[PDB]
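A.B. asks: Handing you this structure, nothing more for now.
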Amino acid sequence: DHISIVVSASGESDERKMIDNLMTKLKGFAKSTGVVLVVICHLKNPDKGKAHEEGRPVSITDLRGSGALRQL
Amino acid sequence: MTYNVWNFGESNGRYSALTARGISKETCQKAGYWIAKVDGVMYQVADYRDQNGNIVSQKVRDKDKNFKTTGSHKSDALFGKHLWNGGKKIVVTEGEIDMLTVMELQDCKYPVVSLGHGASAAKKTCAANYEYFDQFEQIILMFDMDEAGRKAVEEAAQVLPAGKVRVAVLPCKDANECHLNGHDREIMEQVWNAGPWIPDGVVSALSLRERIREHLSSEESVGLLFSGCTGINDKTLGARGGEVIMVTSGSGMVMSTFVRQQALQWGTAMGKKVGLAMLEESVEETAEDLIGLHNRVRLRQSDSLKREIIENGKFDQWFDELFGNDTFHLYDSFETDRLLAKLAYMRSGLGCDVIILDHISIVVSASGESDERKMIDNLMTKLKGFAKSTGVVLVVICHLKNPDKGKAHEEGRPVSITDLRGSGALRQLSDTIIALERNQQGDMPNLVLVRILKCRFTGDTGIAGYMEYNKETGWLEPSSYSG
Amino acid sequence: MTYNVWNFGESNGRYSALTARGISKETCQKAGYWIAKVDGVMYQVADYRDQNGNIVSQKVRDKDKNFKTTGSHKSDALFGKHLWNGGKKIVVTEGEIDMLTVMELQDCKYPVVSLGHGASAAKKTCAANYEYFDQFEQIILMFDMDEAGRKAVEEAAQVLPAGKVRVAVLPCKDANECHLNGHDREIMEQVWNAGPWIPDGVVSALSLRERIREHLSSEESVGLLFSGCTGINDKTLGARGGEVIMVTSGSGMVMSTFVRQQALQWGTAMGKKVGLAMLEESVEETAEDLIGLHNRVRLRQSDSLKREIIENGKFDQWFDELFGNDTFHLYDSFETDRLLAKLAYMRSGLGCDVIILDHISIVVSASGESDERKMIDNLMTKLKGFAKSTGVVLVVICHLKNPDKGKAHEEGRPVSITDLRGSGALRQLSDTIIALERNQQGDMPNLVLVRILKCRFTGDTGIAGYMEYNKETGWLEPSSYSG
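Protein chains in written order, with UniProt numbering: chain A, 424 to 495; chain B, 64 to 397, 401 to 549; chain C, 64 to 397, 401 to 549.
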């Protein structure tokens with residue numbers, strides 16, 4: 424519950440990048456060991472008109488990260 | 064060059080039984096524990112060989128509890144190692160004698176090796192041997208049953224392969240103390256089927272029953288009630304420990320009063336110890352603002368009264384009155403990491419249950435870094451961590467960016483979470499968001515509105531009530547009002 | 064191998080009383096301070112055992128001040144540690160002898176341990192033992208009363224658990240120097256009830272009484288009243304020393320008058336010595352502007368009058384009249403550091419209590435550096451420093467960037483702190499912000515508004531009154547005005 428929290432090893436830039444690094448280790452863990460890994464993850468916030476509580480549907484573009492999750 | 068490996072025979076070697084330890088003669092013979100005697104005195108020699116069979120080093124003993132190490136004792140030395148290459152299960156003991164022990168009890172038929180530098184070098188010796196150990200299905204750490212011995216296990220398993228390590232648990236200091244009249248059978252029950260671990264943070268649910276029960280009674284639904292506007296309470300059900308309350312609003316000093324007020328009633332009405340990091344102002348200043356607020360008088364804001372109470376003794380009186388219950392404590396200033407640390411000791415050391423952090427906008431000290439946009443978030447988290455990790459109540463004040471859209475902040479303009487500063491961390495990490503609006507050029511220039519902008523614990527949000535500034539006493543009084 | 068642990072008896076051991084230190088024989092016996100004698104010479108042996116009881120290491124002494132350390136002296140060694148597992152309070156002394164001391168004075172009934180490598184390894188030895196020490200309610204650091212000894216305390220408490228640490232304060236170097244004829248009762252008054260600390264910036268409120276009461280008398284309420292608009296005063300309560308008042312506004316010469324006016328009444332009505340750094344103009348010019356202003360006549364702005372008062376003696380008269388109280392002093396020009407230095411000597415040397423610095427916008431001299439955005443801030447701070455550090459009142463004039471949004475400055479357009487120049491330093495470091503607006507093409511082209519844009523000391527802000535320009539006398543007159 425809730426990938427957005429990375430946490431501990433501080434001297435490093437974009438959560439953009441790091442989110443991805445963890446993402447893979449996870450998918451590895453997953454496939455490597457056959458466990459089912461549900462991973463919760465929260466949404467960045469539009470800038471476009473209708474918010475989240477206004478229902479606005481979400482796409483994979485609508486996705487957070489920078490591709491790892493949108494993939495892995 | 065290095066100390067020559069001791070030749071058997073050259074030094075008057077015998078494979079004799081260690082009668083003092085209940086290790087048989089036949090046993091010492093198989094692991095390579097021989098008894099030499101050079102230049103007069105009789106030494107105990109342990110032969111360390113590599114997986115290939117040769118002897119690469121020796122650990123020699125004399126009676127009195129000395130040593131002498133021959134050959135080249137590499138960082139990966141395991142005594143016994145050469146005997147086993149593969150298997151379903153390998154016990155790994157602290158020292159050579161304990162290896163000799165398990166090797167008995169088992170009629171030397173299964174694998175045991177001992178740590179090369181054992182004790183302290185558990186981590187290094189082990190990781191040096193990942194491959195060797197992975198040759199076996201499960202690795203049973205049978206180390207010392209003491210302070211540094213449990214530690215050894217810990218550091219060991221950390222570097223050892225996957226789900227294979229299991230901790231041995233004996234009745235006595237070591238596996239030999241057991242054998243030496245006691246409980247052979249106890250050692251046995253562990254070699255077959257030891258506990259399985261190092262989970263130092265994994266915690267099955269079953270094993271929480273008690274911790275839960277005592278939680279349920281201890282911590283409270285109606286945590287700490289906001290004061291000056293039932294409403295704040297009605298909607299948020301209070302400031303529960305480990306939460307992160309976030310007070311925000313426009314120009315609001317209204318804001319800095321509201322927090323102050325809460326600080327006040329929590330540290331007096333309620334029993335709670337408040338800790339204050341009012342980064343804006345001095346520590347003396349805030350204390351005055353408290354005292355005056357407590358006595359419903361605008362204390363700093365008045366030459367005359369200051370003088371008056373200094374002289375008429377009322378100061379020392381009021382001061383005792385409010386403070387003399389060691390319940391208020393302030394961070395006094397002139401980094402991010404540096405601050406957080408201070409705040410923590412407030413929580414941990416003086417054990418206050420609220421920490422009010424006035425005005426997150428001030429990051430401060432470690433300068434070579436870009437957007438306060440980003441950094442505001444970084445701190446945000448350390449904070450929420452501090453919070454949940456320690457169950458302290460963390461109120462955090464925070465000021466608003468300024469529209470660009472038509473009506474300003476003193477024009478009342480309501481605030482949304484979009485209206486929010488930061489770039490997401492607060493807009494997220496905060497548990498309750500209380501905002502206060504004040505149209506200081508209007509119908510009630512002293513009327514201030516309270517939006518609950520968010521409240522995890524309830525999710526009941528919205529307009530929550532009104533207060534009115536008493537320019538005279540300095541308080542945010544509660545007010546009548548609605549549609 | 065490592066130096067074998069010294070066997071009692073093997074070395075001719077006796078538990079004898081240390082007559083040189085006032086440690087009884089019975090005492091040395093309990094902590095494990097025994098007196099051996101090997102190969103001829105008589106050594107003092109300290110027995111370090113782990114919590115389990117077993118002797119893990121020895122620290123041996125000979126007469127002349129040497130050592131010899133037996134066994135394995137781990138980074139967590141505490142001499143006496145094995146004696147206590149829990150308790151309400153544990154004294155922790157620098158060395159073994161001092162442990163023996165507290166162990167006396169108390170008839171060995173309470174806990175004392177000594178640092179394993181004491182002196183310098185205070186941080187390491189301590190944090191190695193967090194758990195062990197947390198077994199007790201309060202940890203009393205009774206270290207050396209010297210340079211490195213106070214430091215030891217500091218590094219120690221840093222790594223030690225929460226709000227448990229309290230520093231011992233003895234009359235002499237150590238707890239034994241006390242015992243050795245002096246003040247046993249001094250050591251006692253510390254073991255019980257010794258004062259707590261080790262937070263270097265956290266400060267319980269209770270512990271501020273005094274600092275507060277001297278504050279309240281010392282610092283002051285109605286400091287120096289703005290002239291020409293009670294309002295400015297009403298809202299700001301004046302220009303208190305060490306503050307940094309910041310006057311701003313559009314094209315405002317209005318601004319440069321307002322400041323001038325203030326300078327005027329402060330240095331004449333009030334006793335105060337004004338120092339002026341009018342960077343825009345010459346020193347002679349500003350002096351004329353003052354004289355004229357004081358005599359309600361537009362002096363420089365008039366060929367005829369100049370001549371007139373030069374001849375009719377009125378100049379020399381007016382000049383004496385205004386100036387001859389050595390109360391005005393000006394920085395006269397043709401760097402940032404260089405300026406700040408001059409300003410300081412005004413404060414420190416001639417001891418003026420107000421410095422008016424007309425027009426921050428002018429940084430000047432040290433050219434190889436980017437944004438005035440950034441640099442404006444750098445100066446800003448040195449200034450606020452200067453201010454608070456020396457208690458001088460620093461008024462600082464500052465001009466406004468120009469909108470890009472519709473109505474200009476001479477179109478009256480109000481100003482906000484966003485509306486602010488700089489990039490945050492002034493928007494911050496300044497204590498009161500007075501702004502003056504003037505819609506010089508309108509209904510009252512001579513009417514000027516005063517916003518208080520900010521005021522730490524009171525936080526009462528906003529529209530604060532009006533004045534009117536007398537194009538004729540040159541003054542900012544106070545005016546009737548509202549809704």
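Ideal placement from N, C-alpha and C gives every residue a C-beta, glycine not left out.
(1) Between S496 of chain B and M309 of chain B, which are expected to be in contact by the criterion C-beta below 8 Å, what is the C-beta distance as a whole number of angstroms?
(2) What separation, rounded to the nearest whole angstrom, lies between the Cα atoms of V232 of chain C and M205 of chain C?
(3) Determine the DSSP secondary structure at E252 of chain C, reduced to helix, strand or coil.
(4) Which class does residue 400 of chain B belong to by DSSP, given the choice of helix, strand or coil?
(5) What would DSSP say about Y111 of chain B, mapped onto helix, strand or coil?
(6) Decide if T299 of chain C is buried, meaning its Cβ has at least 16 other Cβ atoms within 10 Å, or exposed.
(7) Measure how close the beta-carbons of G181 of chain B and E157 of chain B come, nearest whole angstrom, since I'm counting them as under 8 Å.
(8) For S427 of chain C, which residues from the same chain have a beta carbon less than 7 Å from its beta carbon, with the 5 sequence-adjacent residues on both sides left out?
(9) Output yes or no for whether 9 Å exceeds the beta carbon distance between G95 of chain B and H242 of chain B.
(10) Along chain B, which residues have their Cβ under 9 Å away from the Cβ of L279 of chain C?
(11) Does any residue of chain B have a CB that is nearer than 9 Å to the CB of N115 of chain C?
(12) Quick test of the definition: if touching needs 3 or more C-beta pairs under 8 Å, does the region 365-383 of chain C touch the region 523-542 of chain C?
(13) Considering only the alpha carbon of each residue, which of B:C235, B:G294 and B:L327 lies closest to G528 of chain B?
(14) Where do the N-terminal and C-terminal ends of the beta strand (DSSP E) with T132 of chain C fall, by residue?
(15) Considering only DSSP beta bridges, list what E503 of chain B is partnered with.
(16) Cα-Cα, which of C:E538, C:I499, C:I518 and C:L492 is closest to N512 of chain C?
(17) So, under 8 Å CB-CB, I98 of chain B and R77 of chain B are touching, yes? Tell me the CB distance rounded to an integer number of Å.
(18) Let me check understanding here. Comparing Cα to Cα, which of B:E159, B:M316 and B:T484 lies closest to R522 of chain C?
(19) Just checking: is the beta-carbon of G305 of chain B within a distance shorter than 9 Å of some beta-carbon in chain A?
(20) Would you verify that the beta carbon of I428 of chain A is, or is not, closer than 9 Å to some beta carbon of chain B?
(21) Can you name the start and end residues of the alpha helix (DSSP H) that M341 of chain B belongs to?
(22) Please go through the region 145-198 of chain C and give each complete beta strand (DSSP E) segment of 3 or more residues, from N-terminal end onward.
(23) Between the region 131-146 of chain C and the region 209-227 of chain C, do three or more beta carbon pairs fall short of 8 Å?
(24) Among the candidates C:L353, C:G417, C:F452 and C:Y195, whose CA atom is the shortest distance from the CA of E384 of chain C?
(25) Might you give, ordered along the chain, the residues of its own chain that have their beta carbon closer than 6 Å to the beta carbon of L423 of chain C, omitting 5 neighbours on each side?
(26) Taking one C-beta from the region 162-171 of chain B and one from the region 112-126 of chain B each time, how about it: are there three or more such pairs within less than 8 Å?
(27) Of all the options C:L519, C:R276, C:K473 and C:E477, which has the alpha carbon lying nearest to the alpha carbon of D509 of chain C?
(28) Tell me whether the beta-carbon of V459 of chain C lies closer than 9 Å to the beta-carbon of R517 of chain C.
(29) Identify every residue that forms a DSSP beta bridge with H392 of chain B.
(30) Using a C-beta to C-beta distance shorter than 9 Å, which residues of chain C count as neighbours of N468 of chain B?
(31) Alpha carbon to alpha carbon, how far is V230 of chain C from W260 of chain C? Give it in angstroms, no decimals.
(32) Which residue marks the beginning of the alpha helix (DSSP H) containing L353 of chain B, and which one marks its end?
(33) Against chain E, with Cβ distances strictly below 9 Å, would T447 of chain B count as a contact?
(34) Based on the DSSP secondary-structure assignment, which residues constitute the bridge partners of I426 of chain B?
(35) Which of the three DSSP states, helix, strand or coil, is assigned to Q201 of chain C?
(36) Can you give the Cα-Cα distance for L406 of chain C and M446 of chain B, rounded to whole angstroms?
C.D. replies: In this structure, then:
(1) 4 Å
(2) 7 Å
(3) helix
(4) Looking at chain B, the numbering goes 397 and then 401, which leaves residue 400 of chain B without any coordinates in this model.
(5) strand
(6) buried
(7) 5 Å
(8) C464 and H465
(9) no
(10) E347, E351, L362, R363, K369, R370, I372, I373 and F378
(11) yes
(12) no
(13) B:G294
(14) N129 to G134
(15) B:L515
(16) C:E538
(17) 5 Å
(18) B:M316
(19) no
(20) yes
(21) Counting along the chain, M341 of chain B falls outside any alpha helix (DSSP H), though it belongs to the beta strand (DSSP E) covering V337 to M341.
(22) 150-156 and 175-178
(23) no
(24) C:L353
(25) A340 and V462
(26) no
(27) C:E477
(28) no
(29) B:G338 and C:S267
(30) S482, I483 and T484
(31) 7 Å
(32) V346 to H357
(33) Going by chain labels, chain E is absent from the structure shown, which instead holds the protein chains A, B and C.
(34) For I426 of chain B, which the question treats as bridged, DSSP gives no partner whatsoever.
(35) strand
(36) 37 Å
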